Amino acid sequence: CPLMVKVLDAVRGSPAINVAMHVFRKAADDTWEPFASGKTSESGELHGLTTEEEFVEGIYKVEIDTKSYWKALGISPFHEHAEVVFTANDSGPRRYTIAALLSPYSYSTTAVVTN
């Protein structure tokens, strides 16, 4: 699988477990088509979203349901969700890890792209 998402909780210093997310691919009509989805594991990671065959070049959006995560912890958050929008490019062999580091009023996201 060429795409993995990892989510961390900066308040508790822990993986962010059971965080739902949806992945979309931009269609020719410039609308977001559902592509894959899941929830993070006990390690904060979501594996197996796609395959090398299906993950062709294009524009993808990962929508991470951060608001429901904070609400389940009784913490009022700022964002509705965290959005990660990027172009997958074929250049050479490539694997994508999208990391998201969550706080109630702040998040960071990083792409680690390796061969």
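So that there is no doubt, residue numbering starts at 1 and follows the sequence shown.
Relative to one another, 20-28 and 96-104 have unequal mean CA B-factors, and 20-28 is the one with the higher figure. The PDB entry reports B-factors from which the mean C-alpha value can be compared for 86-94 and 71-79; the larger average falls on 86-94. As recorded in the entry, 1 carries the highest CA temperature factor of 5, 111, 8, 1. Of all the options 33, 57, 63, 45, the entry's greatest CA B-factor is assigned to 33.
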